[PDB]
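> Can you read through this structure? Questions will come right after.
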Protein chains: 2
Amino acid sequence: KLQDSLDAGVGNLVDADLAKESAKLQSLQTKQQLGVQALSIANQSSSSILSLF
Amino acid sequence: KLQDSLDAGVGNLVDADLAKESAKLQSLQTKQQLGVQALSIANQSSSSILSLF
């Protein structure tokens, strides 16, 4: 029983809560796609003034 | 008569009541099958979160 308590305690210290990680994963993948889109938007700034010449 | 009394007394000290043991045996066999089923139920916990990924 003591060995089981020590192993369960190690699990309490280090184990991930995977149900929480699934939500973090979905939101981070959306955030990464939005960041790529935002970088594409920022990349376009130089071409705006080409029309002035 | 004294030898018979001593032998019957040893039987009073150590002999099992087998009619009582038959009931304990049936209930313990049911309890063991239920424990195997409960362990199977506990074994399934990790697979529940596979659906989240």
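Quick note on naming: the chains in the structure tokens go A, B, ... in the order shown, residues restart at 1 in each chain, and ligands are numbered from 1 in order of appearance.
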Please determine the contact residues of chain B with respect to chain A at a cut-off of 12 Å, counting only C-alpha atoms, and supply them as a list in words.
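Using only C-alpha atoms, chain B residues at most 12 Å from chain A: residues 46, 47, 48, 49, 50, 51, 52 and 53 of chain B.
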> Hey, could you lay chain B over chain A with a least-squares C-alpha fit (all atoms, paired in order) and save it as a PDB file with N, CA, C and O atoms, in the first residue's frame?

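Written output follows (selection37.pdb):
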```
ATOM      1  N   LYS B   1       0.819  -1.210   0.000  1.00  0.00           N
ATOM      2  CA  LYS B   1       0.000   0.000   0.000  1.00  0.00           C
ATOM      3  C   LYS B   1       0.856   1.264   0.000  1.00  0.00           C
ATOM      4  O   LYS B   1       0.521   2.248  -0.663  1.00  0.00           O
ATOM      5  N   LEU B   2       1.981   1.242   0.711  1.00  0.00           N
ATOM      6  CA  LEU B   2       2.870   2.399   0.734  1.00  0.00           C
ATOM      7  C   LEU B   2       3.515   2.634  -0.624  1.00  0.00           C
ATOM      8  O   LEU B   2       3.658   3.780  -1.056  1.00  0.00           O
ATOM      9  N   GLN B   3       3.906   1.562  -1.310  1.00  0.00           N
ATOM     10  CA  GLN B   3       4.468   1.714  -2.644  1.00  0.00           C
ATOM     11  C   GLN B   3       3.440   2.289  -3.608  1.00  0.00           C
ATOM     12  O   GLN B   3       3.762   3.158  -4.426  1.00  0.00           O
ATOM     13  N   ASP B   4       2.185   1.849  -3.499  1.00  0.00           N
ATOM     14  CA  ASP B   4       1.150   2.432  -4.343  1.00  0.00           C
ATOM     15  C   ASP B   4       0.920   3.905  -4.016  1.00  0.00           C
ATOM     16  O   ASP B   4       0.697   4.713  -4.921  1.00  0.00           O
ATOM     17  N   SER B   5       0.991   4.277  -2.736  1.00  0.00           N
ATOM     18  CA  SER B   5       0.817   5.682  -2.375  1.00  0.00           C
ATOM     19  C   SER B   5       1.954   6.539  -2.910  1.00  0.00           C
ATOM     20  O   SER B   5       1.723   7.649  -3.387  1.00  0.00           O
ATOM     21  N   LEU B   6       3.182   6.029  -2.864  1.00  0.00           N
ATOM     22  CA  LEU B   6       4.309   6.787  -3.390  1.00  0.00           C
ATOM     23  C   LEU B   6       4.217   6.943  -4.902  1.00  0.00           C
ATOM     24  O   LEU B   6       4.510   8.017  -5.439  1.00  0.00           O
ATOM     25  N   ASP B   7       3.776   5.899  -5.603  1.00  0.00           N
ATOM     26  CA  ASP B   7       3.655   6.002  -7.052  1.00  0.00           C
ATOM     27  C   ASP B   7       2.530   6.948  -7.456  1.00  0.00           C
ATOM     28  O   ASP B   7       2.705   7.778  -8.355  1.00  0.00           O
ATOM     29  N   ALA B   8       1.387   6.866  -6.776  1.00  0.00           N
ATOM     30  CA  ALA B   8       0.312   7.813  -7.031  1.00  0.00           C
ATOM     31  C   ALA B   8       0.725   9.240  -6.694  1.00  0.00           C
ATOM     32  O   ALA B   8       0.308  10.174  -7.379  1.00  0.00           O
ATOM     33  N   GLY B   9       1.566   9.431  -5.677  1.00  0.00           N
ATOM     34  CA  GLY B   9       2.033  10.770  -5.371  1.00  0.00           C
ATOM     35  C   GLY B   9       2.984  11.319  -6.416  1.00  0.00           C
ATOM     36  O   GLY B   9       2.944  12.507  -6.740  1.00  0.00           O
ATOM     37  N   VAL B  10       3.840  10.462  -6.972  1.00  0.00           N
ATOM     38  CA  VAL B  10       4.680  10.903  -8.080  1.00  0.00           C
ATOM     39  C   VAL B  10       3.813  11.311  -9.261  1.00  0.00           C
ATOM     40  O   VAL B  10       4.066  12.329  -9.922  1.00  0.00           O
ATOM     41  N   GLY B  11       2.745  10.557  -9.507  1.00  0.00           N
ATOM     42  CA  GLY B  11       1.833  10.933 -10.568  1.00  0.00           C
ATOM     43  C   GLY B  11       1.150  12.257 -10.294  1.00  0.00           C
ATOM     44  O   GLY B  11       0.965  13.065 -11.201  1.00  0.00           O
ATOM     45  N   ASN B  12       0.814  12.516  -9.031  1.00  0.00           N
ATOM     46  CA  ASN B  12       0.244  13.811  -8.675  1.00  0.00           C
ATOM     47  C   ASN B  12       1.227  14.934  -8.939  1.00  0.00           C
ATOM     48  O   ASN B  12       0.830  16.030  -9.333  1.00  0.00           O
ATOM     49  N   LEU B  13       2.515  14.678  -8.742  1.00  0.00           N
ATOM     50  CA  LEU B  13       3.492  15.738  -8.958  1.00  0.00           C
ATOM     51  C   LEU B  13       3.759  16.020 -10.433  1.00  0.00           C
ATOM     52  O   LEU B  13       3.912  17.183 -10.803  1.00  0.00           O
ATOM     53  N   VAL B  14       3.831  15.008 -11.293  1.00  0.00           N
ATOM     54  CA  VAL B  14       4.369  15.234 -12.628  1.00  0.00           C
ATOM     55  C   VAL B  14       3.369  15.027 -13.761  1.00  0.00           C
ATOM     56  O   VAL B  14       3.604  15.553 -14.855  1.00  0.00           O
ATOM     57  N   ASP B  15       2.284  14.281 -13.576  1.00  0.00           N
ATOM     58  CA  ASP B  15       1.439  13.908 -14.705  1.00  0.00           C
ATOM     59  C   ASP B  15       0.651  15.086 -15.263  1.00  0.00           C
ATOM     60  O   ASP B  15       0.141  15.925 -14.522  1.00  0.00           O
ATOM     61  N   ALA B  16       0.539  15.130 -16.583  1.00  0.00           N
ATOM     62  CA  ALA B  16      -0.302  16.104 -17.256  1.00  0.00           C
ATOM     63  C   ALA B  16      -1.772  15.714 -17.165  1.00  0.00           C
ATOM     64  O   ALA B  16      -2.125  14.536 -17.128  1.00  0.00           O
ATOM     65  N   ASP B  17      -2.630  16.726 -17.128  1.00  0.00           N
ATOM     66  CA  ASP B  17      -4.075  16.553 -17.269  1.00  0.00           C
ATOM     67  C   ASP B  17      -4.385  16.669 -18.756  1.00  0.00           C
ATOM     68  O   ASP B  17      -4.448  17.767 -19.301  1.00  0.00           O
ATOM     69  N   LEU B  18      -4.558  15.533 -19.422  1.00  0.00           N
ATOM     70  CA  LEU B  18      -4.646  15.560 -20.876  1.00  0.00           C
ATOM     71  C   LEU B  18      -5.947  16.154 -21.384  1.00  0.00           C
ATOM     72  O   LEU B  18      -5.977  16.696 -22.494  1.00  0.00           O
ATOM     73  N   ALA B  19      -7.023  16.070 -20.604  1.00  0.00           N
ATOM     74  CA  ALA B  19      -8.262  16.709 -21.023  1.00  0.00           C
ATOM     75  C   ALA B  19      -8.090  18.218 -21.121  1.00  0.00           C
ATOM     76  O   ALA B  19      -8.590  18.841 -22.058  1.00  0.00           O
ATOM     77  N   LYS B  20      -7.347  18.815 -20.191  1.00  0.00           N
ATOM     78  CA  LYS B  20      -7.048  20.241 -20.278  1.00  0.00           C
ATOM     79  C   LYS B  20      -6.110  20.550 -21.447  1.00  0.00           C
ATOM     80  O   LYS B  20      -6.269  21.568 -22.143  1.00  0.00           O
ATOM     81  N   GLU B  21      -5.145  19.662 -21.696  1.00  0.00           N
ATOM     82  CA  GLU B  21      -4.212  19.869 -22.795  1.00  0.00           C
ATOM     83  C   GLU B  21      -4.904  19.829 -24.149  1.00  0.00           C
ATOM     84  O   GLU B  21      -4.453  20.495 -25.076  1.00  0.00           O
ATOM     85  N   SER B  22      -5.974  19.048 -24.298  1.00  0.00           N
ATOM     86  CA  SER B  22      -6.654  19.010 -25.592  1.00  0.00           C
ATOM     87  C   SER B  22      -7.262  20.368 -25.941  1.00  0.00           C
ATOM     88  O   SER B  22      -7.168  20.828 -27.090  1.00  0.00           O
ATOM     89  N   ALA B  23      -7.824  21.053 -24.948  1.00  0.00           N
ATOM     90  CA  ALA B  23      -8.340  22.395 -25.180  1.00  0.00           C
ATOM     91  C   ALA B  23      -7.219  23.369 -25.497  1.00  0.00           C
ATOM     92  O   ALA B  23      -7.335  24.187 -26.425  1.00  0.00           O
ATOM     93  N   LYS B  24      -6.118  23.287 -24.747  1.00  0.00           N
ATOM     94  CA  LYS B  24      -5.004  24.183 -25.038  1.00  0.00           C
ATOM     95  C   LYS B  24      -4.459  23.943 -26.439  1.00  0.00           C
ATOM     96  O   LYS B  24      -4.106  24.892 -27.141  1.00  0.00           O
ATOM     97  N   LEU B  25      -4.441  22.689 -26.881  1.00  0.00           N
ATOM     98  CA  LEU B  25      -3.907  22.371 -28.196  1.00  0.00           C
ATOM     99  C   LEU B  25      -4.769  22.972 -29.294  1.00  0.00           C
ATOM    100  O   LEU B  25      -4.253  23.592 -30.230  1.00  0.00           O
ATOM    101  N   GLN B  26      -6.091  22.812 -29.188  1.00  0.00           N
ATOM    102  CA  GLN B  26      -6.958  23.372 -30.220  1.00  0.00           C
ATOM    103  C   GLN B  26      -6.823  24.887 -30.289  1.00  0.00           C
ATOM    104  O   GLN B  26      -6.674  25.462 -31.381  1.00  0.00           O
ATOM    105  N   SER B  27      -6.836  25.551 -29.135  1.00  0.00           N
ATOM    106  CA  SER B  27      -6.750  27.003 -29.177  1.00  0.00           C
ATOM    107  C   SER B  27      -5.391  27.475 -29.686  1.00  0.00           C
ATOM    108  O   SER B  27      -5.325  28.457 -30.426  1.00  0.00           O
ATOM    109  N   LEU B  28      -4.307  26.781 -29.336  1.00  0.00           N
ATOM    110  CA  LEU B  28      -2.996  27.185 -29.827  1.00  0.00           C
ATOM    111  C   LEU B  28      -2.847  26.964 -31.324  1.00  0.00           C
ATOM    112  O   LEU B  28      -2.175  27.747 -31.989  1.00  0.00           O
ATOM    113  N   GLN B  29      -3.466  25.921 -31.875  1.00  0.00           N
ATOM    114  CA  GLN B  29      -3.406  25.739 -33.321  1.00  0.00           C
ATOM    115  C   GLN B  29      -4.161  26.846 -34.049  1.00  0.00           C
ATOM    116  O   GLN B  29      -3.684  27.369 -35.069  1.00  0.00           O
ATOM    117  N   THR B  30      -5.310  27.258 -33.505  1.00  0.00           N
ATOM    118  CA  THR B  30      -6.001  28.407 -34.081  1.00  0.00           C
ATOM    119  C   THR B  30      -5.149  29.663 -33.979  1.00  0.00           C
ATOM    120  O   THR B  30      -5.057  30.445 -34.931  1.00  0.00           O
ATOM    121  N   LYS B  31      -4.511  29.858 -32.831  1.00  0.00           N
ATOM    122  CA  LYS B  31      -3.686  31.034 -32.609  1.00  0.00           C
ATOM    123  C   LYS B  31      -2.491  31.058 -33.555  1.00  0.00           C
ATOM    124  O   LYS B  31      -2.100  32.119 -34.037  1.00  0.00           O
ATOM    125  N   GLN B  32      -1.934  29.892 -33.873  1.00  0.00           N
ATOM    126  CA  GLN B  32      -0.821  29.834 -34.812  1.00  0.00           C
ATOM    127  C   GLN B  32      -1.262  30.185 -36.228  1.00  0.00           C
ATOM    128  O   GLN B  32      -0.559  30.910 -36.941  1.00  0.00           O
ATOM    129  N   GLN B  33      -2.430  29.694 -36.650  1.00  0.00           N
ATOM    130  CA  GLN B  33      -2.920  30.078 -37.971  1.00  0.00           C
ATOM    131  C   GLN B  33      -3.213  31.570 -38.044  1.00  0.00           C
ATOM    132  O   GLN B  33      -2.906  32.226 -39.048  1.00  0.00           O
ATOM    133  N   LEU B  34      -3.761  32.136 -36.969  1.00  0.00           N
ATOM    134  CA  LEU B  34      -4.001  33.570 -36.952  1.00  0.00           C
ATOM    135  C   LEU B  34      -2.701  34.353 -36.953  1.00  0.00           C
ATOM    136  O   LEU B  34      -2.630  35.432 -37.535  1.00  0.00           O
ATOM    137  N   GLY B  35      -1.659  33.823 -36.315  1.00  0.00           N
ATOM    138  CA  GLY B  35      -0.386  34.515 -36.324  1.00  0.00           C
ATOM    139  C   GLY B  35       0.262  34.508 -37.691  1.00  0.00           C
ATOM    140  O   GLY B  35       0.857  35.498 -38.107  1.00  0.00           O
ATOM    141  N   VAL B  36       0.120  33.404 -38.422  1.00  0.00           N
ATOM    142  CA  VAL B  36       0.623  33.377 -39.791  1.00  0.00           C
ATOM    143  C   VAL B  36      -0.144  34.366 -40.660  1.00  0.00           C
ATOM    144  O   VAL B  36       0.449  35.090 -41.467  1.00  0.00           O
ATOM    145  N   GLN B  37      -1.463  34.458 -40.470  1.00  0.00           N
ATOM    146  CA  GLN B  37      -2.246  35.434 -41.224  1.00  0.00           C
ATOM    147  C   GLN B  37      -1.877  36.870 -40.853  1.00  0.00           C
ATOM    148  O   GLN B  37      -1.802  37.744 -41.723  1.00  0.00           O
ATOM    149  N   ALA B  38      -1.619  37.130 -39.573  1.00  0.00           N
ATOM    150  CA  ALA B  38      -1.231  38.471 -39.153  1.00  0.00           C
ATOM    151  C   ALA B  38       0.138  38.847 -39.697  1.00  0.00           C
ATOM    152  O   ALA B  38       0.371  40.001 -40.065  1.00  0.00           O
ATOM    153  N   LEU B  39       1.054  37.883 -39.760  1.00  0.00           N
ATOM    154  CA  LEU B  39       2.349  38.145 -40.371  1.00  0.00           C
ATOM    155  C   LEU B  39       2.207  38.425 -41.858  1.00  0.00           C
ATOM    156  O   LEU B  39       2.888  39.302 -42.389  1.00  0.00           O
ATOM    157  N   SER B  40       1.303  37.718 -42.538  1.00  0.00           N
ATOM    158  CA  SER B  40       1.065  38.023 -43.945  1.00  0.00           C
ATOM    159  C   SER B  40       0.523  39.430 -44.115  1.00  0.00           C
ATOM    160  O   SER B  40       0.895  40.137 -45.054  1.00  0.00           O
ATOM    161  N   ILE B  41      -0.341  39.861 -43.202  1.00  0.00           N
ATOM    162  CA  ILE B  41      -0.869  41.214 -43.281  1.00  0.00           C
ATOM    163  C   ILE B  41       0.235  42.236 -43.056  1.00  0.00           C
ATOM    164  O   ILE B  41       0.326  43.236 -43.772  1.00  0.00           O
ATOM    165  N   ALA B  42       1.104  41.994 -42.076  1.00  0.00           N
ATOM    166  CA  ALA B  42       2.202  42.919 -41.827  1.00  0.00           C
ATOM    167  C   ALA B  42       3.199  42.947 -42.982  1.00  0.00           C
ATOM    168  O   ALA B  42       3.805  43.988 -43.242  1.00  0.00           O
ATOM    169  N   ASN B  43       3.372  41.828 -43.690  1.00  0.00           N
ATOM    170  CA  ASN B  43       4.299  41.778 -44.817  1.00  0.00           C
ATOM    171  C   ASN B  43       3.869  42.679 -45.962  1.00  0.00           C
ATOM    172  O   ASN B  43       4.711  43.058 -46.777  1.00  0.00           O
ATOM    173  N   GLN B  44       2.587  43.025 -46.043  1.00  0.00           N
ATOM    174  CA  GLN B  44       2.040  43.767 -47.168  1.00  0.00           C
ATOM    175  C   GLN B  44       2.287  45.265 -47.090  1.00  0.00           C
ATOM    176  O   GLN B  44       1.912  45.978 -48.023  1.00  0.00           O
ATOM    177  N   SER B  45       2.862  45.766 -45.999  1.00  0.00           N
ATOM    178  CA  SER B  45       2.887  47.209 -45.781  1.00  0.00           C
ATOM    179  C   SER B  45       3.718  47.939 -46.828  1.00  0.00           C
ATOM    180  O   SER B  45       3.371  49.051 -47.233  1.00  0.00           O
ATOM    181  N   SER B  46       4.816  47.339 -47.284  1.00  0.00           N
ATOM    182  CA  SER B  46       5.691  48.046 -48.212  1.00  0.00           C
ATOM    183  C   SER B  46       5.019  48.280 -49.554  1.00  0.00           C
ATOM    184  O   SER B  46       5.296  49.284 -50.214  1.00  0.00           O
ATOM    185  N   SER B  47       4.127  47.385 -49.966  1.00  0.00           N
ATOM    186  CA  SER B  47       3.535  47.486 -51.287  1.00  0.00           C
ATOM    187  C   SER B  47       2.457  48.554 -51.378  1.00  0.00           C
ATOM    188  O   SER B  47       2.031  48.880 -52.487  1.00  0.00           O
ATOM    189  N   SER B  48       1.990  49.085 -50.248  1.00  0.00           N
ATOM    190  CA  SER B  48       0.954  50.109 -50.294  1.00  0.00           C
ATOM    191  C   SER B  48       1.434  51.390 -50.959  1.00  0.00           C
ATOM    192  O   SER B  48       0.657  52.044 -51.656  1.00  0.00           O
ATOM    193  N   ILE B  49       2.706  51.763 -50.780  1.00  0.00           N
ATOM    194  CA  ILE B  49       3.196  53.026 -51.324  1.00  0.00           C
ATOM    195  C   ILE B  49       3.685  52.906 -52.754  1.00  0.00           C
ATOM    196  O   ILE B  49       4.056  53.920 -53.355  1.00  0.00           O
ATOM    197  N   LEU B  50       3.708  51.704 -53.317  1.00  0.00           N
ATOM    198  CA  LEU B  50       4.109  51.552 -54.708  1.00  0.00           C
ATOM    199  C   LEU B  50       3.181  52.320 -55.635  1.00  0.00           C
ATOM    200  O   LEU B  50       3.605  52.792 -56.692  1.00  0.00           O
ATOM    201  N   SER B  51       1.921  52.478 -55.236  1.00  0.00           N
ATOM    202  CA  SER B  51       0.948  53.210 -56.030  1.00  0.00           C
ATOM    203  C   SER B  51       1.263  54.696 -56.129  1.00  0.00           C
ATOM    204  O   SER B  51       0.828  55.343 -57.084  1.00  0.00           O
ATOM    205  N   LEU B  52       2.009  55.252 -55.180  1.00  0.00           N
ATOM    206  CA  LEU B  52       2.318  56.672 -55.207  1.00  0.00           C
ATOM    207  C   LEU B  52       3.380  57.028 -56.230  1.00  0.00           C
ATOM    208  O   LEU B  52       3.594  58.215 -56.486  1.00  0.00           O
ATOM    209  N   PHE B  53       4.054  56.046 -56.806  1.00  0.00           N
ATOM    210  CA  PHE B  53       5.093  56.313 -57.777  1.00  0.00           C
ATOM    211  C   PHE B  53       4.715  55.712 -59.123  1.00  0.00           C
ATOM    212  O   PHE B  53       4.953  56.313 -60.163  1.00  0.00           O
TER     213      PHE B  53
END
```
> Could you go through chain B and tell me which residues DSSP, when run on the backbone, assigns to alpha helix (DSSP H), listing them as a PyMOL selection string?
chain B and resi 2-14+18-43
> Store the residues picked out above, limited to N, CA and C atoms, as a JSON list (two decimals), in the first residue's frame.

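As a result, result-v5.json now contains:
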```json
[["chain", "number", "residue", "atom", "x", "y", "z"],
["B", 2, "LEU", "N", -12.17, -39.89, 29.49],
["B", 2, "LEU", "CA", -11.34, -38.70, 29.55],
["B", 2, "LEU", "C", -10.61, -38.46, 28.24],
["B", 3, "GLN", "N", -10.13, -39.52, 27.60],
["B", 3, "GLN", "CA", -9.48, -39.37, 26.31],
["B", 3, "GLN", "C", -10.46, -38.86, 25.26],
["B", 4, "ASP", "N", -11.70, -39.35, 25.30],
["B", 4, "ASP", "CA", -12.70, -38.83, 24.37],
["B", 4, "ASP", "C", -13.01, -37.37, 24.65],
["B", 5, "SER", "N", -13.05, -36.97, 25.92],
["B", 5, "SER", "CA", -13.31, -35.57, 26.24],
["B", 5, "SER", "C", -12.18, -34.67, 25.77],
["B", 6, "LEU", "N", -10.93, -35.12, 25.91],
["B", 6, "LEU", "CA", -9.81, -34.32, 25.45],
["B", 6, "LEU", "C", -9.80, -34.20, 23.93],
["B", 7, "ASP", "N", -10.14, -35.27, 23.22],
["B", 7, "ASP", "CA", -10.16, -35.20, 21.77],
["B", 7, "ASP", "C", -11.30, -34.32, 21.26],
["B", 8, "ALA", "N", -12.48, -34.44, 21.86],
["B", 8, "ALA", "CA", -13.58, -33.55, 21.51],
["B", 8, "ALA", "C", -13.25, -32.10, 21.85],
["B", 9, "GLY", "N", -12.49, -31.85, 22.92],
["B", 9, "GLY", "CA", -12.11, -30.48, 23.23],
["B", 9, "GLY", "C", -11.11, -29.91, 22.24],
["B", 10, "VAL", "N", -10.18, -30.74, 21.76],
["B", 10, "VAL", "CA", -9.28, -30.28, 20.71],
["B", 10, "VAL", "C", -10.08, -29.93, 19.46],
["B", 11, "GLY", "N", -11.10, -30.74, 19.16],
["B", 11, "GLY", "CA", -11.95, -30.42, 18.03],
["B", 11, "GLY", "C", -12.70, -29.13, 18.22],
["B", 12, "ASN", "N", -13.14, -28.86, 19.45],
["B", 12, "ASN", "CA", -13.79, -27.59, 19.74],
["B", 12, "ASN", "C", -12.84, -26.43, 19.52],
["B", 13, "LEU", "N", -11.56, -26.62, 19.81],
["B", 13, "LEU", "CA", -10.62, -25.52, 19.64],
["B", 13, "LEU", "C", -10.26, -25.25, 18.19],
["B", 14, "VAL", "N", -10.08, -26.28, 17.36],
["B", 14, "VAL", "CA", -9.46, -26.05, 16.06],
["B", 14, "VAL", "C", -10.37, -26.32, 14.86],
["B", 18, "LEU", "N", -17.89, -26.28, 8.65],
["B", 18, "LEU", "CA", -17.88, -26.29, 7.19],
["B", 18, "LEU", "C", -19.16, -25.76, 6.58],
["B", 19, "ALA", "N", -20.29, -25.88, 7.29],
["B", 19, "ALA", "CA", -21.52, -25.30, 6.77],
["B", 19, "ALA", "C", -21.41, -23.79, 6.65],
["B", 20, "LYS", "N", -20.76, -23.14, 7.62],
["B", 20, "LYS", "CA", -20.52, -21.71, 7.52],
["B", 20, "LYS", "C", -19.51, -21.38, 6.41],
["B", 21, "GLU", "N", -18.50, -22.23, 6.25],
["B", 21, "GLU", "CA", -17.50, -22.00, 5.22],
["B", 21, "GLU", "C", -18.09, -22.09, 3.82],
["B", 22, "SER", "N", -19.11, -22.92, 3.61],
["B", 22, "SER", "CA", -19.70, -23.02, 2.28],
["B", 22, "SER", "C", -20.34, -21.69, 1.86],
["B", 23, "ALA", "N", -21.00, -21.02, 2.79],
["B", 23, "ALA", "CA", -21.55, -19.70, 2.50],
["B", 23, "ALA", "C", -20.46, -18.69, 2.24],
["B", 24, "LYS", "N", -19.41, -18.70, 3.06],
["B", 24, "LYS", "CA", -18.32, -17.76, 2.83],
["B", 24, "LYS", "C", -17.66, -18.01, 1.48],
["B", 25, "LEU", "N", -17.56, -19.27, 1.07],
["B", 25, "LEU", "CA", -16.92, -19.58, -0.20],
["B", 25, "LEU", "C", -17.73, -19.04, -1.37],
["B", 26, "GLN", "N", -19.05, -19.26, -1.35],
["B", 26, "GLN", "CA", -19.86, -18.76, -2.45],
["B", 26, "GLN", "C", -19.79, -17.24, -2.55],
["B", 27, "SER", "N", -19.91, -16.56, -1.41],
["B", 27, "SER", "CA", -19.89, -15.10, -1.48],
["B", 27, "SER", "C", -18.52, -14.58, -1.90],
["B", 28, "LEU", "N", -17.43, -15.22, -1.46],
["B", 28, "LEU", "CA", -16.11, -14.76, -1.87],
["B", 28, "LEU", "C", -15.84, -15.00, -3.34],
["B", 29, "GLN", "N", -16.38, -16.08, -3.92],
["B", 29, "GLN", "CA", -16.21, -16.29, -5.35],
["B", 29, "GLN", "C", -16.96, -15.23, -6.15],
["B", 30, "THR", "N", -18.16, -14.86, -5.70],
["B", 30, "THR", "CA", -18.86, -13.76, -6.35],
["B", 30, "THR", "C", -18.07, -12.46, -6.21],
["B", 31, "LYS", "N", -17.52, -12.22, -5.03],
["B", 31, "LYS", "CA", -16.77, -11.00, -4.77],
["B", 31, "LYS", "C", -15.51, -10.94, -5.63],
["B", 32, "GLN", "N", -14.88, -12.09, -5.89],
["B", 32, "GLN", "CA", -13.70, -12.11, -6.74],
["B", 32, "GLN", "C", -14.06, -11.80, -8.19],
["B", 33, "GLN", "N", -15.17, -12.36, -8.69],
["B", 33, "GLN", "CA", -15.58, -12.02, -10.05],
["B", 33, "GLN", "C", -15.94, -10.54, -10.17],
["B", 34, "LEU", "N", -16.58, -9.98, -9.15],
["B", 34, "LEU", "CA", -16.89, -8.56, -9.18],
["B", 34, "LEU", "C", -15.62, -7.72, -9.11],
["B", 35, "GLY", "N", -14.61, -8.19, -8.39],
["B", 35, "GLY", "CA", -13.37, -7.44, -8.32],
["B", 35, "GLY", "C", -12.63, -7.45, -9.64],
["B", 36, "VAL", "N", -12.67, -8.57, -10.35],
["B", 36, "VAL", "CA", -12.07, -8.60, -11.68],
["B", 36, "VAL", "C", -12.81, -7.66, -12.63],
["B", 37, "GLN", "N", -14.15, -7.62, -12.53],
["B", 37, "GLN", "CA", -14.92, -6.70, -13.36],
["B", 37, "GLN", "C", -14.64, -5.24, -12.99],
["B", 38, "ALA", "N", -14.48, -4.95, -11.70],
["B", 38, "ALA", "CA", -14.18, -3.58, -11.29],
["B", 38, "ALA", "C", -12.80, -3.15, -11.74],
["B", 39, "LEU", "N", -11.84, -4.08, -11.72],
["B", 39, "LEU", "CA", -10.52, -3.77, -12.24],
["B", 39, "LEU", "C", -10.56, -3.52, -13.74],
["B", 40, "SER", "N", -11.39, -4.28, -14.47],
["B", 40, "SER", "CA", -11.54, -4.01, -15.90],
["B", 40, "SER", "C", -12.13, -2.63, -16.13],
["B", 41, "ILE", "N", -13.07, -2.23, -15.29],
["B", 41, "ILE", "CA", -13.65, -0.90, -15.44],
["B", 41, "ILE", "C", -12.61, 0.17, -15.16],
["B", 42, "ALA", "N", -11.80, -0.01, -14.11],
["B", 42, "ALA", "CA", -10.77, 0.97, -13.81],
["B", 42, "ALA", "C", -9.69, 1.02, -14.89],
["B", 43, "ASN", "N", -9.42, -0.10, -15.56],
["B", 43, "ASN", "CA", -8.42, -0.13, -16.62],
["B", 43, "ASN", "C", -8.80, 0.73, -17.81]]
```
